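Everything below belongs to structure38.txt, which stores compact mmCIF, C-alpha atoms.
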```
# COMPACT_ATOMS: atom_id res chain seq x y z
CA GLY A 1 25.39 -16.37 72.01
CA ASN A 2 23.65 -14.21 69.21
CA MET A 3 22.02 -15.64 66.13
CA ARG A 4 21.74 -13.22 63.26
CA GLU A 5 19.08 -13.38 60.58
CA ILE A 6 21.67 -14.02 57.87
CA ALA A 7 21.44 -15.82 54.55
CA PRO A 8 24.02 -18.55 53.85
CA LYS A 9 25.67 -16.81 50.92
CA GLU A 10 26.44 -13.66 53.06
CA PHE A 11 27.50 -15.88 55.99
CA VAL A 12 29.97 -17.68 53.77
CA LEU A 13 31.44 -14.40 52.55
CA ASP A 14 31.85 -13.38 56.21
CA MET A 15 33.73 -16.67 56.88
CA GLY A 16 36.64 -15.24 54.83
CA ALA A 17 39.46 -17.77 54.38
CA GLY A 18 39.98 -20.77 56.65
CA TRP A 19 42.59 -23.06 58.03
CA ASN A 20 42.19 -26.69 59.24
CA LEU A 21 43.56 -27.92 62.52
CA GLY A 22 44.38 -31.22 60.89
CA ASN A 23 45.80 -34.29 62.50
CA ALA A 24 44.81 -33.05 65.94
CA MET A 25 41.36 -33.92 67.33
CA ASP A 26 40.75 -35.86 64.11
CA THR A 27 43.67 -38.21 64.80
CA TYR A 28 42.47 -41.79 64.44
CA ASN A 29 43.89 -42.94 67.82
CA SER A 30 42.72 -42.77 71.43
CA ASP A 31 45.65 -40.27 71.94
CA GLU A 32 45.15 -37.23 69.75
CA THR A 33 48.97 -36.59 69.79
CA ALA A 34 49.63 -39.92 68.11
CA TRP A 35 49.86 -38.41 64.62
CA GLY A 36 52.69 -36.08 65.59
CA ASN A 37 50.99 -32.87 66.65
CA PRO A 38 51.10 -31.42 70.15
CA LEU A 39 48.10 -30.69 72.28
CA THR A 40 46.47 -27.65 70.75
CA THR A 41 46.90 -24.37 72.62
CA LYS A 42 45.42 -20.92 72.37
CA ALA A 43 48.86 -19.62 71.46
CA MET A 44 48.68 -21.72 68.30
CA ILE A 45 45.25 -20.56 67.34
CA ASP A 46 46.25 -16.97 68.03
CA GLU A 47 48.82 -17.20 65.25
CA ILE A 48 46.19 -18.55 62.79
CA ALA A 49 43.99 -15.52 63.53
CA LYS A 50 46.89 -13.03 63.43
CA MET A 51 47.78 -14.26 59.92
CA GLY A 52 44.27 -13.31 58.85
CA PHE A 53 42.33 -16.54 58.69
CA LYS A 54 38.76 -15.86 59.66
CA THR A 55 37.59 -19.50 59.97
CA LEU A 56 39.04 -22.40 61.94
CA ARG A 57 37.92 -25.84 60.83
CA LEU A 58 38.20 -28.14 63.88
CA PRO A 59 37.88 -31.69 62.60
CA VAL A 60 37.11 -34.17 65.34
CA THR A 61 37.14 -37.98 65.30
CA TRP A 62 34.71 -39.26 67.94
CA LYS A 63 35.11 -43.08 67.69
CA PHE A 64 37.52 -43.53 70.51
CA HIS A 65 35.29 -41.51 72.86
CA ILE A 66 31.84 -42.99 72.22
CA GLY A 67 30.46 -45.64 74.54
CA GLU A 68 28.19 -48.60 73.90
CA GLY A 69 24.67 -48.45 72.39
CA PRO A 70 21.90 -47.60 72.70
CA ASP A 71 23.01 -44.38 74.44
CA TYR A 72 26.45 -44.06 72.66
CA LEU A 73 27.55 -41.67 75.43
CA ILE A 74 30.34 -39.32 74.40
CA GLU A 75 33.00 -38.93 77.06
CA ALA A 76 32.60 -35.60 78.79
CA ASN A 77 36.22 -34.88 78.91
CA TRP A 78 36.50 -35.27 75.13
CA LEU A 79 33.73 -32.75 74.66
CA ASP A 80 35.63 -30.53 77.06
CA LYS A 81 38.71 -30.67 74.82
CA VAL A 82 36.75 -29.91 71.71
CA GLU A 83 35.05 -27.00 73.45
CA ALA A 84 38.27 -25.58 74.70
CA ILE A 85 39.79 -25.40 71.21
CA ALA A 86 36.61 -24.00 69.80
CA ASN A 87 36.78 -21.21 72.38
CA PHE A 88 40.40 -20.48 71.47
CA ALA A 89 39.09 -19.63 67.95
CA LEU A 90 35.93 -17.88 69.02
CA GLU A 91 37.96 -15.62 71.39
CA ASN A 92 39.98 -14.63 68.33
CA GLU A 93 36.79 -13.50 66.61
CA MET A 94 36.89 -16.52 64.23
CA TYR A 95 34.23 -18.79 62.90
CA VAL A 96 34.69 -22.41 64.04
CA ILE A 97 33.43 -25.53 62.27
CA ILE A 98 33.12 -28.74 64.33
CA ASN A 99 32.49 -32.02 62.44
CA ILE A 100 32.46 -35.76 62.57
CA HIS A 101 35.71 -36.69 60.82
CA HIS A 102 37.43 -40.17 60.62
CA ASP A 103 34.37 -42.04 61.87
CA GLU A 104 33.65 -44.09 58.72
CA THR A 105 33.93 -47.45 60.62
CA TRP A 106 30.55 -46.80 62.35
CA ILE A 107 29.15 -44.78 59.45
CA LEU A 108 29.27 -47.25 56.55
CA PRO A 109 26.96 -46.08 53.73
CA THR A 110 25.28 -49.44 52.85
CA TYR A 111 21.60 -50.48 53.23
CA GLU A 112 22.85 -53.38 55.41
CA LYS A 113 24.37 -51.01 58.01
CA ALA A 114 22.12 -47.97 57.57
CA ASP A 115 19.63 -48.69 60.24
CA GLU A 116 22.27 -49.07 63.02
CA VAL A 117 24.28 -46.09 61.67
CA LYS A 118 21.22 -43.84 61.74
CA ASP A 119 20.50 -44.83 65.32
CA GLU A 120 24.08 -44.05 66.48
CA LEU A 121 24.34 -40.84 64.47
CA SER A 122 21.16 -39.45 65.92
CA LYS A 123 22.43 -40.09 69.49
CA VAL A 124 25.95 -38.67 68.75
CA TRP A 125 24.71 -35.52 67.00
CA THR A 126 22.18 -34.90 69.73
CA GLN A 127 24.98 -34.93 72.23
CA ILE A 128 27.37 -32.70 70.30
CA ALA A 129 24.60 -30.30 69.52
CA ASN A 130 23.46 -30.11 73.18
CA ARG A 131 26.98 -29.42 74.38
CA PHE A 132 27.24 -26.49 72.04
CA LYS A 133 23.64 -25.29 72.03
CA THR A 134 24.12 -21.90 73.62
CA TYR A 135 26.93 -20.81 71.28
CA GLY A 136 26.13 -18.10 68.76
CA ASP A 137 26.32 -18.32 65.00
CA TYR A 138 30.08 -18.15 64.65
CA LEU A 139 29.98 -21.85 65.60
CA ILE A 140 29.03 -24.03 62.66
CA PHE A 141 28.31 -27.77 62.63
CA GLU A 142 29.48 -30.00 59.73
CA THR A 143 27.50 -33.23 59.96
CA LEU A 144 29.97 -35.62 58.22
CA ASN A 145 33.41 -35.15 56.68
CA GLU A 146 33.90 -37.45 53.63
CA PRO A 147 31.16 -40.07 54.21
CA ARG A 148 31.90 -42.97 51.83
CA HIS A 149 32.49 -46.67 51.55
CA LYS A 150 36.19 -47.07 52.02
CA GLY A 151 38.01 -49.68 49.95
CA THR A 152 35.50 -49.79 47.09
CA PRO A 153 36.18 -48.96 43.45
CA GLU A 154 33.80 -45.91 43.46
CA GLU A 155 35.10 -44.54 46.82
CA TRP A 156 36.74 -41.50 45.21
CA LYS A 157 34.45 -41.44 42.15
CA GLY A 158 31.22 -40.38 43.73
CA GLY A 159 30.10 -43.71 45.14
CA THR A 160 27.37 -46.08 44.07
CA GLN A 161 23.72 -45.19 44.10
CA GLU A 162 23.28 -47.11 47.32
CA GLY A 163 26.20 -45.24 48.94
CA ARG A 164 24.85 -41.80 47.92
CA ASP A 165 21.39 -42.76 49.14
CA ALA A 166 22.69 -43.85 52.48
CA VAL A 167 24.85 -40.76 52.83
CA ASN A 168 21.78 -38.58 52.18
CA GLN A 169 19.92 -40.52 54.87
CA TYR A 170 22.76 -40.01 57.32
CA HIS A 171 22.69 -36.26 56.69
CA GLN A 172 18.91 -36.36 57.21
CA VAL A 173 19.32 -38.05 60.61
CA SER A 174 22.10 -35.60 61.59
CA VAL A 175 20.37 -32.38 60.59
CA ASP A 176 17.16 -33.54 62.19
CA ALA A 177 18.96 -34.38 65.41
CA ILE A 178 20.67 -30.99 65.53
CA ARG A 179 17.49 -29.06 64.84
CA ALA A 180 15.41 -31.06 67.34
CA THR A 181 17.61 -29.82 70.20
CA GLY A 182 16.18 -26.34 69.62
CA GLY A 183 17.47 -23.06 70.93
CA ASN A 184 20.22 -21.65 68.83
CA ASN A 185 20.53 -25.02 67.15
CA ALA A 186 17.25 -24.46 65.30
CA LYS A 187 19.01 -21.64 63.31
CA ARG A 188 22.71 -22.56 63.36
CA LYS A 189 24.49 -22.97 59.98
CA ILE A 190 25.09 -26.65 59.11
CA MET A 191 27.53 -27.80 56.44
CA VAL A 192 26.30 -30.84 54.58
CA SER A 193 28.64 -32.74 52.30
CA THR A 194 28.18 -34.66 49.09
CA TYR A 195 29.22 -38.29 49.10
CA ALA A 196 32.92 -38.29 50.06
CA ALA A 197 32.75 -34.47 49.90
CA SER A 198 33.23 -35.26 46.19
CA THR A 199 32.81 -32.92 43.28
CA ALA A 200 32.13 -35.90 40.91
CA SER A 201 29.02 -35.11 38.82
CA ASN A 202 27.02 -38.05 40.20
CA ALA A 203 27.69 -36.87 43.76
CA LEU A 204 26.63 -33.30 42.72
CA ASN A 205 23.48 -34.49 41.00
CA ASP A 206 22.32 -36.82 43.83
CA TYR A 207 22.92 -34.40 46.70
CA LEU A 208 19.93 -33.64 48.88
CA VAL A 209 19.60 -30.96 51.56
CA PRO A 210 17.51 -32.40 54.43
CA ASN A 211 14.11 -30.77 54.47
CA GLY A 212 15.29 -28.04 52.17
CA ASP A 213 16.71 -26.49 55.34
CA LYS A 214 17.50 -22.94 54.50
CA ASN A 215 20.47 -22.80 56.92
CA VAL A 216 22.35 -25.62 55.25
CA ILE A 217 25.62 -24.81 53.44
CA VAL A 218 27.16 -27.23 50.95
CA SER A 219 30.51 -28.83 51.88
CA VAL A 220 32.86 -30.16 49.19
CA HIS A 221 36.54 -30.88 49.18
CA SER A 222 38.63 -30.52 45.97
CA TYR A 223 42.33 -31.09 46.02
CA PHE A 224 42.41 -29.99 42.38
CA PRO A 225 44.41 -31.08 40.47
CA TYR A 226 45.04 -34.24 42.39
CA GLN A 227 48.16 -35.24 40.50
CA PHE A 228 49.84 -32.05 41.84
CA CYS A 229 48.01 -31.81 45.15
CA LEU A 230 47.77 -35.38 46.43
CA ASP A 231 49.81 -37.84 44.49
CA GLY A 232 52.99 -35.83 43.95
CA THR A 233 53.18 -37.36 40.44
CA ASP A 234 53.14 -33.91 38.87
CA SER A 235 55.19 -31.23 40.64
CA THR A 236 54.59 -28.32 38.41
CA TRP A 237 51.60 -26.09 38.22
CA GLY A 238 50.75 -22.89 36.46
CA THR A 239 50.16 -23.33 32.65
CA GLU A 240 47.03 -21.77 31.07
CA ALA A 241 45.70 -25.27 30.67
CA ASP A 242 46.21 -25.76 34.51
CA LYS A 243 44.37 -22.51 35.20
CA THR A 244 41.53 -23.33 32.81
CA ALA A 245 41.08 -26.83 34.28
CA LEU A 246 40.86 -25.45 37.84
CA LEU A 247 38.44 -22.74 36.87
CA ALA A 248 36.30 -25.41 35.10
CA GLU A 249 36.22 -27.44 38.38
CA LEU A 250 35.26 -24.43 40.41
CA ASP A 251 32.64 -23.37 37.76
CA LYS A 252 31.05 -26.86 37.94
CA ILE A 253 30.62 -26.42 41.71
CA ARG A 254 29.34 -22.83 41.30
CA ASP A 255 26.96 -23.72 38.49
CA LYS A 256 25.35 -26.62 40.37
CA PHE A 257 25.18 -25.29 43.93
CA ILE A 258 25.32 -21.54 43.80
CA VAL A 259 23.41 -20.88 40.53
CA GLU A 260 21.12 -23.87 40.09
CA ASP A 261 20.49 -24.77 43.80
CA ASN A 262 20.78 -21.28 45.41
CA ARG A 263 23.17 -22.64 48.00
CA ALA A 264 26.44 -21.34 49.41
CA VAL A 265 29.57 -23.48 49.33
CA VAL A 266 32.50 -24.01 51.75
CA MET A 267 35.52 -25.70 50.26
CA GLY A 268 36.27 -27.23 53.62
CA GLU A 269 39.50 -28.83 52.44
CA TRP A 270 41.96 -28.21 49.60
CA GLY A 271 45.68 -27.62 49.20
CA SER A 272 48.85 -29.24 47.95
CA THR A 273 51.37 -31.56 49.48
CA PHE A 274 54.98 -30.49 49.49
CA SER A 275 56.81 -31.89 46.42
CA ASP A 276 60.11 -29.95 46.36
CA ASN A 277 58.12 -27.30 44.55
CA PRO A 278 57.61 -24.15 46.63
CA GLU A 279 57.10 -21.70 43.77
CA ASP A 280 54.43 -23.76 42.08
CA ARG A 281 52.67 -24.53 45.41
CA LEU A 282 52.54 -20.82 46.01
CA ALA A 283 51.23 -20.05 42.48
CA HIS A 284 48.57 -22.74 42.84
CA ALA A 285 47.51 -21.44 46.34
CA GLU A 286 47.26 -17.88 45.13
CA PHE A 287 45.19 -18.84 42.07
CA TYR A 288 42.93 -21.33 43.84
CA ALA A 289 42.11 -19.04 46.74
CA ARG A 290 41.46 -16.04 44.36
CA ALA A 291 39.21 -18.28 42.19
CA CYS A 292 37.19 -19.28 45.24
CA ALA A 293 36.96 -15.72 46.56
CA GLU A 294 35.68 -14.48 43.13
CA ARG A 295 32.94 -17.10 43.28
CA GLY A 296 31.93 -16.46 46.92
CA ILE A 297 33.21 -19.91 47.98
CA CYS A 298 35.04 -20.00 51.36
CA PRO A 299 38.41 -21.79 50.91
CA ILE A 300 39.81 -23.78 53.92
CA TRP A 301 43.35 -24.99 53.51
CA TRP A 302 44.14 -28.52 54.87
CA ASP A 303 47.05 -28.30 57.32
CA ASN A 304 48.14 -31.55 58.94
CA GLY A 305 51.01 -30.13 60.93
CA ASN A 306 53.64 -31.98 58.90
CA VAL A 307 55.89 -29.61 56.94
CA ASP A 308 56.76 -32.34 54.51
CA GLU A 309 53.08 -32.76 53.62
CA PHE A 310 50.39 -30.07 54.19
CA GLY A 311 51.71 -28.21 57.19
CA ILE A 312 52.26 -24.50 56.59
CA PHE A 313 52.22 -23.49 60.30
CA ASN A 314 54.75 -24.85 62.75
CA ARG A 315 52.75 -25.73 65.91
CA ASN A 316 55.90 -26.46 67.91
CA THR A 317 57.63 -23.13 67.33
CA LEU A 318 54.67 -20.87 66.55
CA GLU A 319 56.32 -19.75 63.32
CA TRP A 320 55.06 -20.26 59.78
CA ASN A 321 56.93 -22.77 57.70
CA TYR A 322 55.34 -21.30 54.56
CA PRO A 323 54.03 -17.88 55.40
CA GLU A 324 53.66 -16.90 51.74
CA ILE A 325 51.11 -19.71 51.16
CA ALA A 326 49.15 -18.45 54.13
CA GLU A 327 49.33 -14.88 52.94
CA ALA A 328 48.25 -15.90 49.43
CA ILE A 329 45.17 -17.55 50.85
CA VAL A 330 44.04 -14.75 53.13
CA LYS A 331 44.83 -11.63 50.98
```
If you took the structure in this file and wrote it as C-alpha cells, what would it be?
Amino acid sequence: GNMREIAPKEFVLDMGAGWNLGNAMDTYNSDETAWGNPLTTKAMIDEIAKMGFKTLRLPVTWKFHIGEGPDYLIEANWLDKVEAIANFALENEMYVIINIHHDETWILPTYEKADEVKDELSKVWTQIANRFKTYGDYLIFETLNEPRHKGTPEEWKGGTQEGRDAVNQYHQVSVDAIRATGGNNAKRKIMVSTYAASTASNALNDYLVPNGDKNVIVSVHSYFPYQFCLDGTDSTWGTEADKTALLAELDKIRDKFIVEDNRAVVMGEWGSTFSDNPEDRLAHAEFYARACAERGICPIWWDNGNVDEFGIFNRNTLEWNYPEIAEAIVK
C-alpha cells in the first residue's frame, strides 16, 4: 500500500520492460474467452515475471459490465476479476497498468456526444479508482487506451481538432475523478494518451496534461514501421534506413515529451505481427526495445495470445512460442 515520493521519469525507468495481457479482459464480448484466450491464471503471469518483464499491462474493456445511467454501476464480479489478475502481477513484484480499453462506443470524441461521455466517464473512473484506492504505487491507472473517432478518415492520423479537444476533455474528467477519490489515488501515477495514442505531430502538439498534474505519464503506441508491424505488406526489417526511420520516430517522441514537456513516456503498445519472418521480427524487437531503453521510455509489447499474430507466450501450455523475442525485450 506504500506511495513513494518518486518522479515520473525514475518511475518509468523502474517499470523496466512490459508485456500486455491482450485479448483477455479487453475482449470486446460479454465472455472474455471469446477471442480465444483462456481465463487468466497466476501460473500464466508467473511465467511473464520469470522471463524478466517488470510491468504487466492489463487492458480491460468495461462496456459489457456497466449498467444504466446515471450511476453506470460496474458489476462487482467484473471488478473482482480485474483485481485478481492485478494481484497475480503485484505478487510477482511487477507493476500493473489497468485501463479503459475497447470502450470507444460510449466514448466518442465529438462535441455532440461529449457531455454524456464526460458524465459516464466520471462515474466509471470513480468506481475503478475506489476499488483500487488502497493499492500502492506499483498499480498505475491508464485513463483511456486509443480514444478516437472510429471509421473517420483522420482516425489513425491524429484526429480532427474537435476529436483532439474532446479527447483532452475526457482525460480531464478521468484524471479529476481519480484524484477526487483521495487517499493513494491523489498520488498514483496516471498514464494519459494522445488522441488514438498516436505519435502523429498534430496529436503530439495538441496534447494536454490535466491540471499540469505532476504524476501524469504520457502514453503513446507506435507499431513502427506499420508496414512491417501491422499490415504484413513488408516482411523484412533491418536496413540502415529502417534503423534510422525508427530512431527518428522515437526521437520525435523524446524531443516533444521528455525534452520539451519534461514528461516520462510509456510505449504501452508496440510489436510486430508474425509474417513468416522470425529473424527480422527478432532484429526489430531487439532494436526497438534497446532504442526505447536508451531514451528512458518503457516498452510494452502487445501480446494477443495468438501465435500467428502477436502472441509470443503460449497461455495454454505455459511455454514461450518466441522466447528470443521476449528475451530481446527484457535484456
- Message: Which residue is closest to residue A:110? Choose from A:163, A:232, A:8, A:22 and count all atoms listed in the file.
- Response: A:163
- Between A:266, A:13, A:82, A:197, which one has atoms that come closest to residue A:157, using all atoms listed in the file?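 Residue with the minimum atom-to-atom distance to residue A:157: A:197.
Nearest to residue A:114 of all the residues A:257, A:32, A:166, A:278 is A:166, based on only C-alpha atoms.
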- Message: I want to know what sits within 9 Å of residue A:147, based on all atoms listed in the file, with residues of the same chain fewer than 2 positions away left out; could you give that as a PyMOL selection string?
- Response: chain A and resi 101-104+107-109+144-145+149-150+163+167+170+193-197
- Query: List as a count of residues only: which residues have an atom within 12 Å of (19.1, -36.7, 63.6), counting all atoms listed in the file?
  - Reply: 30
Considering all atoms listed in the file, return as a PDB file with C-alpha atoms, in the coordinates of the input whatever protein or nucleic-acid residues lie within 10 Å of residue A:96, sequence-local ones (same chain, fewer than 4 positions apart) excluded.
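Everything below was put into result06.pdb:
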```
ATOM      1  CA  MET A  15      33.730 -16.670  56.880  1.00  0.00           C
ATOM      2  CA  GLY A  18      39.980 -20.770  56.650  1.00  0.00           C
ATOM      3  CA  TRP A  19      42.590 -23.060  58.030  1.00  0.00           C
ATOM      4  CA  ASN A  20      42.190 -26.690  59.240  1.00  0.00           C
ATOM      5  CA  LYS A  54      38.760 -15.860  59.660  1.00  0.00           C
ATOM      6  CA  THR A  55      37.590 -19.500  59.970  1.00  0.00           C
ATOM      7  CA  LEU A  56      39.040 -22.400  61.940  1.00  0.00           C
ATOM      8  CA  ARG A  57      37.920 -25.840  60.830  1.00  0.00           C
ATOM      9  CA  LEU A  58      38.200 -28.140  63.880  1.00  0.00           C
ATOM     10  CA  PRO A  59      37.880 -31.690  62.600  1.00  0.00           C
ATOM     11  CA  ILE A  85      39.790 -25.400  71.210  1.00  0.00           C
ATOM     12  CA  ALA A  86      36.610 -24.000  69.800  1.00  0.00           C
ATOM     13  CA  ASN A  87      36.780 -21.210  72.380  1.00  0.00           C
ATOM     14  CA  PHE A  88      40.400 -20.480  71.470  1.00  0.00           C
ATOM     15  CA  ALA A  89      39.090 -19.630  67.950  1.00  0.00           C
ATOM     16  CA  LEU A  90      35.930 -17.880  69.020  1.00  0.00           C
ATOM     17  CA  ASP A 137      26.320 -18.320  65.000  1.00  0.00           C
ATOM     18  CA  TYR A 138      30.080 -18.150  64.650  1.00  0.00           C
ATOM     19  CA  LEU A 139      29.980 -21.850  65.600  1.00  0.00           C
ATOM     20  CA  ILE A 140      29.030 -24.030  62.660  1.00  0.00           C
ATOM     21  CA  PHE A 141      28.310 -27.770  62.630  1.00  0.00           C
TER      22      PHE A 141
END
```
